[PDB]
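Chains as they are written, first to last, in the authors' numbering: chain D, 26 to 99, 102 to 160, 165 to 353; chain E, 4 to 120, 134 to 353; chain C, 12 to 333; chain B, 8 to 321; chain A, 292 to 524, 540 to 783. Even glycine gets a Cβ: it sits at the ideal position worked out from N, Cα and C. Contents: one structure, followed by commentary.
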Amino acid sequence: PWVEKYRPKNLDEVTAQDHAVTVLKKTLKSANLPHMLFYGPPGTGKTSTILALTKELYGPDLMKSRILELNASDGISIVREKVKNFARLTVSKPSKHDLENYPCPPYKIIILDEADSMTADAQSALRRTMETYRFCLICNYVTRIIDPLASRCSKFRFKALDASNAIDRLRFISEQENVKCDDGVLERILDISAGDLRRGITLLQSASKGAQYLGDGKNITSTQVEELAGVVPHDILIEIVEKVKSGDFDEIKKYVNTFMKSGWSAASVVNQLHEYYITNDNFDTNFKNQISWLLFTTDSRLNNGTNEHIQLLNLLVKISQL
Amino acid sequence: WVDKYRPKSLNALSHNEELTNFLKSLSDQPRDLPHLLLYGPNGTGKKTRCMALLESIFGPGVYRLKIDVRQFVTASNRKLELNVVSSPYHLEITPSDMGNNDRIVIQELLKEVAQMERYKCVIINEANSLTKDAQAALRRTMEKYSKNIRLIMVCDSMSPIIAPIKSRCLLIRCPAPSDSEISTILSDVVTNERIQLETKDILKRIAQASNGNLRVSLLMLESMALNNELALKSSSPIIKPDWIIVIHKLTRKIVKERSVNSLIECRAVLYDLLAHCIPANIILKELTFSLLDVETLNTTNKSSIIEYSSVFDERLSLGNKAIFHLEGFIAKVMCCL
Amino acid sequence: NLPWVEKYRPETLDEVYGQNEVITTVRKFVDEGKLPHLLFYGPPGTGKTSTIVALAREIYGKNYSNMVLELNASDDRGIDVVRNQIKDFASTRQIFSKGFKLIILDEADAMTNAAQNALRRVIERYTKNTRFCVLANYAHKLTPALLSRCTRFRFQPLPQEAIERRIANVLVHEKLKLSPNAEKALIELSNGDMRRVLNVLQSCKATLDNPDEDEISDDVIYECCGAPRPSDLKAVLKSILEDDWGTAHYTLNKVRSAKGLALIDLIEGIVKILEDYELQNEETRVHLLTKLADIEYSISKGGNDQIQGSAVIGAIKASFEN
Amino acid sequence: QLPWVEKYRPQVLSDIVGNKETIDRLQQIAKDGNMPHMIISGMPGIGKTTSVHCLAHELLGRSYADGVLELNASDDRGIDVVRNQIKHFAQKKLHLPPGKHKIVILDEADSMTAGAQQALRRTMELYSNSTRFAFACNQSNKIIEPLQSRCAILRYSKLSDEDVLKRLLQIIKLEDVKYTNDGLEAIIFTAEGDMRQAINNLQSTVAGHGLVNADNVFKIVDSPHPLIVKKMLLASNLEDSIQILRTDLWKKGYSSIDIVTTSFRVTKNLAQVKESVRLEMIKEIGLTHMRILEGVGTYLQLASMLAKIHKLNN
Amino acid sequence: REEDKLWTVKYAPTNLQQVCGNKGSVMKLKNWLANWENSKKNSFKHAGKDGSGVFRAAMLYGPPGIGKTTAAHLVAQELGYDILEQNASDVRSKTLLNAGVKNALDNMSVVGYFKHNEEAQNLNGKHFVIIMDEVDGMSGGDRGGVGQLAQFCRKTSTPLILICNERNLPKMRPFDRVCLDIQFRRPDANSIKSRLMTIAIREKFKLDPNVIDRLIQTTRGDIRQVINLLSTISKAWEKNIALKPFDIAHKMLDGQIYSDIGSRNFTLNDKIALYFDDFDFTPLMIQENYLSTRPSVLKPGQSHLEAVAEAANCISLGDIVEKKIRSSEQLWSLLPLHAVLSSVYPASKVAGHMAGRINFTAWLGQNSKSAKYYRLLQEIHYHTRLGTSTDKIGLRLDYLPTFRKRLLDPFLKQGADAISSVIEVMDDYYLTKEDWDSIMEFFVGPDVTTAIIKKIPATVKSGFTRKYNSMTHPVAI
Ligand SMILES: Nc1ncnc2c1ncn2[C@@H]1O[C@H](COP(=O)(O)OP(=O)(O)OP(O)(O)=S)[C@@H](O)[C@H]1O
Ligand SMILES: Nc1ncnc2c1ncn2[C@@H]1O[C@H](COP(=O)(O)OP(=O)(O)OP(O)(O)=S)[C@@H](O)[C@H]1O
Ligand SMILES: Nc1ncnc2c1ncn2[C@@H]1O[C@H](COP(=O)(O)OP(=O)(O)OP(O)(O)=S)[C@@H](O)[C@H]1O
Ligand SMILES: Nc1ncnc2c1ncn2[C@@H]1O[C@H](COP(=O)(O)OP(=O)(O)OP(O)(O)=S)[C@@H](O)[C@H]1O
Ligand SMILES: Nc1ncnc2c1ncn2[C@@H]1O[C@H](COP(=O)(O)OP(=O)(O)O)[C@@H](O)[C@H]1O
Ligand SMILES: [Mg+2]
Ligand SMILES: [Mg+2]
Ligand SMILES: [Mg+2]
Ligand SMILES: [Mg+2]
């Protein structure tokens, strides 16, 4: 996969997040690299920067000896018997070839990922295991982790990337893998994968490896990308909005039946309808009020795991009654 | 009958040439087979496509399969012994027999199966009945074991699926079969079983009455072939299952009579339908979509019925006693009409 | 090196602020010697733990480490804990001491009904030879029997005078410069939480301690704490009230995306601003409050955030039309 | 110091006030002797444990120390315990009067795991000649079906106001304390049936402020004053209600749960408004309560509740 | 003594003609226990006339308090056997089962020998009947108990009788086919009524038949609960301790209570206390009988139907609240709200005069039936999964209508020679006779099969059974 081949392995390949690398480079020259708490939206590059700094400061051979990676599996016995032990293991002796190139600090690195849904007792033990003997723990909701941990660890908000700095790197990928793409496809992959970036890379990889089966060598057109991510195409959405713009109950019911039967079985049509009805400039304010309210109501209904056919039919009938 | 003529290989599928082409293209790279997420309406033939892709990548020995039992230890002292239908090269998990042990049993069984030894397939039937904890554990296993486990998740209307799952697998949709292809696949069956068809319109009629449901169309054709002495003529009284007739009679009673003296019988019929292994959401959906087809109603009544049904569907998905919400919906319907 | 939470912890009674009403009655209890079972409840970061530890230290002095049992949350919470540890600590006597022993449970509201029944039975058993003092955050998650058996004490949040006195004190023992509006923002954000104040002060310290003498402006405090700025809030409200749909939507998206704010605090600040407007019609306020409460309750379950944002805009624009 | 709840705990079966038919049934049981296995269910603080204790005392006379086995939540009740100790106690020899029997009192039976409750079945069925079980549970639903089938179910109704008032009158008469009628009414309002909590609050008021008066009660209970809650709910202008909720209740640091519970308990006693408006206001208040209990206790929810209540009352 | 014993123990049955209800299952168990010796002589391979000759052990199951233990003990004692009983109050682990009972599996009794061995009464006096009672009640402290007992179900040498409450529980899966499983059902009201009349005549005190029917409806058929409740003993008794839910339903549905003069005499607090009087049966009773009253509180322009609709809406809201409450008991504080939404508001909306009689709630029986049928459908799917590739819910929805046309449809027209074809069909899916009956049980609607299954001659059914007992193809693992 391309996500691991072109994973940022050093501190300068990252281009989306810039506010977080400068301060770590500033702290680099001192042995006072403290405990730290990374948080933000998924697919931002957090683990990439963590692995990059560990590789830059510790060396390739020692990666598995003193740099440890732990995740969210199923306990307290793990902390009291292994994680504390892993914290108090006598660090291995970095050989001369390591000192030749890498300045070694006098402490170990233990990476606990997904610190969000952890139990408070494990945290009360983990603060003690880290204070008496460094750590880089990660979560996506800072509210759930207890305060005694965040007291000694300095916080870093890994901001979600914007549409501006995300293109060039993606463009770089299009040059690095000899993938032939269409003209207006990159920003489409960006907006369908808005916020997160690794999903865009997986989408590009899937689209390339799928189009290559056809043997055409043709530009990967946008409909392939829109079909891969499961979003409803623009033609079917145009048909829906045209049918609902002026139509009786029977025609809307029959068309939504055909849609739920053979059409795109995703419930993302409400998102496309919201985007189209809000970003448009043809409907007045009193219309958009009820449009937004009905869309919110239908989304709150669909969020409860109910049936999508009835909710979609109700939403279409209500948006037609206006 | 219906299981008799079922494709056991990619060459044997006579529907949706595009998907068969994509599947035979995927089956040419056994070393790299990404995780798959199949979605689409019921009765479309996605499990058949799973077991046919497995037949094409592996040997024909995938279809011989046996059921085993494996034991795990939960949080409490109730050590669970759960069944699993497996094959020499794959296994199937249906997380509907258990309700809350999902996030534990999924991760534990997957981590045990990853370490028994070139990979093994795990088909998660009904991948929409997994709570967010179960899906989180599933994505954890997907991140951990990528060299020996290849998940092929079968589901329908994949809205209740967390985004890290969607990102880490290839999404595939299986549209319902058009009436034309249903006609051909039914002609194949009536030819192989020497059925005396009077005309070819009965096939299109069954296809239209099945609402794009392939297996329901086949089952209805078989059920109606055992009533006319295997001689299906133009006078074909299309037979519905034993429960749809009761729902249609209840709809006719609701439309014809609007009073509490009829509401008592409606509650009795709802009891009789619910006690006999029929869910609540299916009853509500069927009653709603049968109350909208009546000709005696106008647009306002239908627009109110659909709203009441949309509200009571959430109320059914939020409560534990279904007869309460069903009777409330019927009462509101009778109040509107 | 020690956190300011622990470093600035009150060692005595006089070092707690803004709790005179309970401190006077606690001093009456301790000099009278009739210390009953206590229930210290209130918002977090108020001083319950500090108060009770200071009282125990004053009562027992050096023997505090002998007759004071400081228990905590679950820590493998079986019935065995309440059945053995507390029971033997209450039934067995003490050596080389005079008085009754003290058991203090931290956040004892996370106990199930059975655990609370066991604990109330233990309290009723040895009520003559030991005194219980239980801490809590919400006084409603406790069995009414356990609440009645003891005397309650609600720790109201710290007013301006107390927190400003503590800021002065932390400015004595630290070399720091703080702007007059920085403390105002700090109090407006604290809500009366001393723990969060001590959390944010040292973080901004470590952030801007280049010469140990910089001025802590409000922007860096807002960035470290992650709270909305009143200027951005008022700008978003004005844009939603006056400008059209496209412009207001773009401004809301840019504000909540370029800063890293969630819709919760957006709605909170917006309704807090709208509280004091001179409205003409009351139906406006009715619809506004009802719809925004519905939006908040739906956000609490995590829907499609863009749809709830559009719904917020629509509700604000549709309520302000009378 | 001594808790008045413990000092004035009823020791005879006649001293218990409240339910009359069930107390008469227990009196006839203690007079006859043929007591069957019985589950006692009801709300907390209404006299369940006291009832079975006085029953066992009056039944066994001078044998309570020999033929009574009490197991509350503070004791180990697993599978090993119910298998060894309860069985060995049921098989014990004891020469009792021709009517009496041994007594095993299990308190908070709803806390016993299902595996432990399964073992007691044959133990209580085979030794019905010299052992009668008495369970005291809050919820009769967590008890397994076989146990519920074996022993008779006895429900205790919540205490009314005249009974608690008479009990408090007896207490204050035997304690010689000064009081006022509105103070007793405040005690009745806050107790909501809990006789134990009523006695505890009365003792706390007497020990803290001496004179039992509504102001001292509402000060010591640390709950929103019912008068200010009634003024907030019955205001004419919605802005007035919002301001009252802001400057009086929300600023003083009251918990939202307490505010909603006090609004519920005041709307229940608002005898000036009609019945339908009372029921619908209670419905909206309960909706807000359920919304708060789900993690969102924002002031906005209370503001919306007040807005809905004002729109309803208008 | 005479007056110190309980009413359940003193009035317990003594012979087999006093056990009320389930005569068929008792007779089947007795015949199996009687012909067990002849089946043992033939190596447990020739099913004689009832398909109950290949089964080594028997399994009793059903609702609580029907007579399972009593029937087992009585049929064991009547044939002259010696009873070796083990229950849940004994540690039935794997090692202890191997130690204690495994050794006594095939041995002969010493008490049975020294009791009576000179008179020619019966040759089965020394033999054992091992009664494993409360097998469903094995907690986590009995490791491997189910597997070891399933192994004991085979390779045994003495009649083994297992007793449980929920047979279709997946934990009881190892007892799939190795044991004859007969089912006890809730006895008919007539037998329980006759037993109650006999007990009341012996105790010399008369009751109203309406009270007896109301008791039978309240206890849902548990005869033990009925006797234990009758032992508590007339208007005050039924109106204050026994039939309290009915009084709550009658008082909360009165029209004069919600009138202004009436509401000032009976305020809302009295109604909420009336609900708390029994907070487990009042909502169900209200939901049962809220739409069968002639109202007197309708607004000026409100019909019956829309009032009932609003009541049902508030009922659904109260049900949601009840689910939220029971999801976490520590939310006890939500009980008052559930009082107004579930019980008080609908009654207030549709109060008035009772049209007929107040009926007990029917939701409990329907819920039990639905759970039993769900478990039966899951058990059928466990067998038929290897040849359908369908969900446990879609099976009942789609396949069974065709299974009816395959299984029973030949019998109505072809008579009795189409047995081979239907056995061949049901063996492609690993289906058995109990599964056949369970399948036919489900057909609700115009395709009801309970009338037709009995209409067919008994000779055809007996021939089907005896022909199926010969050939079997159940192995697929
Ligand atoms: N700034 C970036 N530049 C280039 N590639 C990036 C960048 N950020 C993320 N990626 C890619 O996205 C992948 C995601 O890796 P991670 O750092 O684990 O993301 P994440 O934020 O940890 O997601 P989680 O673990 O679900 S919270 C990386 O391996 C890169 O391939
Ligand atoms: N009244 C106070 N005066 C001075 N410092 C205080 C005060 N309240 C809190 N602090 C500071 O905040 C820290 C935490 O105080 P705690 O008493 O532990 O909080 P709490 O009020 O007991 O509630 P918790 O700990 O969140 S459950 C103390 O160590 C002090 O540094
Ligand atoms: N009917 C009553 N008459 C007089 N005092 C009563 C009455 N009911 C309760 N009390 C008092 O309340 C105290 C506590 O009652 P208990 O019976 O112990 O409570 P409970 O019924 O066991 O409910 P729990 O234990 O909280 S679940 C008794 O010691 C009495 O002082
Ligand atoms: N058919 C019956 N006729 C009369 N009394 C009966 C009948 N069945 C049960 N009883 C009474 O119920 C008492 C005990 O019933 P059991 O059969 O032992 O209960 P059970 O069937 O074992 O159900 P479990 O084990 O409690 S789940 C007997 O002593 C009788 O008093
Ligand atoms: N290409 C095909 N040719 C013939 N029958 C098919 C084909 N695809 C699917 N089917 C029918 O679909 C049925 C299986 O449906 P299934 O996959 O279980 O539904 P679902 O997709 O809802 O799980 C089979 O009985 C088979 O007859
Ligand atoms: Mg990561
Ligand atoms: Mg503290
Ligand atoms: Mg008690
Ligand atoms: Mg029994």
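Practice task
Go through the segment 235-275 of chain E residue by residue and report every complete run of the alpha helix (DSSP H) that reaches 4 residues or more, in order.
Solution key: Counting only runs of 4+ residues, the alpha helix (DSSP H) found wholly inside the segment 235-275 of chain E occupies 260-272, in chain order.
Handout entry: Assigned secondary structure, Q155(B) (DSSP; H/G/I helix, E/B strand, else coil)
Key = Along the fourth sequence, read from residue 1 onward, the residue named residue 155(B) stands at position 148. Here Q155(B) sits in helix by DSSP.
Practice task
Tell me, please, whether the CB atom of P67(D) is closer than 8 Å to any CB atom in chain E?
Solution key: Translated into the one-based positions of the first sequence, residue 67(D) becomes position 42. Chain E contact via Cβ: present.
Problem - Inter-residue spacing [alpha-carbon to alpha-carbon] between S296(D) and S239(E) - result: The sequence position of residue 296(D) within the first sequence is 265, counting from 1. The sequence position of residue 239(E) within the second sequence is 223, counting from 1. Between the alpha carbons of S296(D) and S239(E) lies a gap of roughly 29 Å.
Exercise for the section: My understanding is that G46(E) touches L230(E), with C-beta atoms under 8 Å, so please give their C-beta distance in whole angstroms. Expected result: Position 43 of the second sequence holds residue 46(E). Position 214 of the second sequence holds residue 230(E). That pair is a contact at about 5 Å.
Practice task
May I ask you to verify whether the segment 205-225 of chain D touches the segment 55-66 of chain D, counting CB pairs closer than 8 Å and requiring at least 3?
Solution key: With the rule of 3 Cβ pairs closer than 8 Å, the segment 205-225 of chain D does not count as touching the segment 55-66 of chain D.
Exercise for the section: Label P98(E) either buried or exposed according to how many other C-beta atoms from any shown protein chain fall within 10 Å of its C-beta, with 16 as the threshold for buried. Expected result: For the purposes of this step, residue 98(E) is taken as the residue at position 95 of the second sequence. Per the 10 Å Cβ criterion, buried.
Handout entry: Quiz: which residues have CB nearer than 6 Å to ligand 4 non-hydrogen atoms
Key = In chain order, the residues positioned with their C-beta nearer than 6 Å to some heavy atom of ligand 4 are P153(B), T299(A), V300(A), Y302(A), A303(A), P304(A), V310(A), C311(A), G312(A), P355(A), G356(A), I357(A), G358(A), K359(A), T360(A), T361(A), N456(A), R486(A), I514(A), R515(A) and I518(A).
Exercise for the section: Tell me whether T60(C) counts as near ligand 7, meaning its Cβ is closer than 7 Å to at least one heavy atom of that ligand. Expected result: Residue 60(C) sits at position 49 when you count from the first residue of the third sequence. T60(C): yes, Cβ under 7 Å from ligand 7.
Practice task
Could you pull out every residue in the same chain whose Cβ sits closer than 7 Å to the Cβ of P355(A), ignoring the five residues on either side in sequence?
Solution key: The sequence position of residue 355(A) within the fifth sequence is 64, counting from 1. Excluding five sequence positions before and after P355(A), the CB atoms of its chain that fall closer than 7 Å to its own CB belong to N456 and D513, given in chain order.
Exercise for the section: Please report the Cβ distance between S17(E) and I198(E), rounded to the nearest whole angstrom; I am assuming they are in contact, meaning their Cβ atoms lie under 8 Å. Expected result: Counting from one through the second sequence, the residue named residue 17(E) turns up at place 14. Counting from one through the second sequence, the residue named residue 198(E) turns up at place 182. With a beta-carbon spacing of about 11 Å, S17(E) and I198(E) fall beyond the 8 Å limit used to define contacts.
Problem - Start and end residues, beta strand (DSSP E) containing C144(C) - result: Sequence index remark: in the third sequence, residue 144(C) carries index 133 (1-based). Here the beta strand (DSSP E) through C144(C) covers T141 to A147.
Problem - Nearest to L396(A) (by Cα), restricted to the options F405(A), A379(A) and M423(A) - result: Translated into the one-based positions of the fifth sequence, residue 396(A) becomes position 105. Comparing Cα positions, the closest option is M423(A).
Exercise for the section: Mark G358(A) as exposed unless 16 or more other C-beta atoms lie within 10 angstroms of its C-beta, in which case mark it buried. Expected result: Numbered from 1 along the fifth sequence, position 67 holds the residue referred to as residue 358(A). Buried is the call here.
Exercise for the section: Give a single yes or no on whether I254(E) has its beta carbon closer than 7 Å to a heavy atom of ligand 9. Expected result: Counting from 1 along the second sequence, the entry for residue 254(E) is found at position 238. No, the Cβ of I254(E) stays beyond 7 Å of every heavy atom of ligand 9.
Handout entry: the segment 126-146 of chain B in contact with the segment 72-90 of chain B per 3-pair CB rule at 8 Å
Key = With a cut-off of 8 Å, the segment 72-90 of chain B and the segment 126-146 of chain B count as touching, because enough Cβ pairs lie within range.
Practice task
Could you tell me if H292(E) is buried or exposed, where buried requires 16 or more neighbouring beta carbons within 10 angstroms of its beta carbon?
Solution key: Counting from one through the second sequence, the residue named residue 292(E) turns up at place 276. Answer is buried; the Cβ neighbour count reaches 16.
Practice task
Could you please give me the residues that DSSP links to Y352(A) through a beta bridge?
Solution key: Residue 352(A) sits at position 61 when you count from the first residue of the fifth sequence. Its beta-bridge partners are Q474(A).
Practice task
Given a cut-off of 8 Å, decide if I178(E) and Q151(E) are closer than it, judged by their beta-carbon atoms.
Solution key: To locate residue 151(E), count along the second sequence from 1; it is residue 135. To locate residue 178(E), count along the second sequence from 1; it is residue 162. The Cβ atoms of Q151(E) and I178(E) lie closer than 8 Å to each other.
Practice task
Could you tell me how far apart the beta carbons of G200(B) and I53(B) are, in whole angstroms, since I believe they sit closer than 8 Å?
Solution key: In the fourth sequence, counting from the first residue as 1, residue 200(B) sits at position 193. In the fourth sequence, counting from the first residue as 1, residue 53(B) sits at position 46. The Cβ separation is near 7 Å, so the contact holds.
Practice task
With 8 Å as the C-beta to C-beta threshold (strictly closer), list the residues of the segment 254-281 of chain D near chain E in chain order.
Solution key: Residues passing the 8 Å Cβ filter: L259, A260, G261, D279 and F280.
Handout entry: Cα-Cα separation, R9(E) to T51(E)
Key = The residue given as residue 9(E) occupies position 6 in the second sequence. The residue given as residue 51(E) occupies position 48 in the second sequence. Those two C-alpha atoms are separated by around 8 Å.
Problem - Chain-ordered chain C contacts of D31(B) [CB-CB under 9 Å] - result: Here residue 31(B) is taken as the residue at index 24 of the fourth sequence, counted from 1. What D31(B) touches in chain C: nothing, since even the nearest Cβ is about 27 Å away.
Practice task
On a CA-only basis, which of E115(B), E301(B), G302(B) and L294(B) is nearest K315(B)? Give me that one, please.
Solution key: Walking along the fourth sequence from the start, residue 315(B) turns up at place 308. Among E115(B), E301(B), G302(B) and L294(B), the Cα nearest to that of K315(B) belongs to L294(B).
Handout entry: Local conformation of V72(E) per DSSP, three classes
Key = Here residue 72(E) corresponds to residue number 69 of the second sequence, with the count starting at 1. Strand at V72(E).
Practice task
May I ask you to report which of helix, strand or coil DSSP gives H93(E)?
Solution key: Position 90 of the second sequence, counting from 1, holds the residue named residue 93(E). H93(E): strand per DSSP, three-state reduction.
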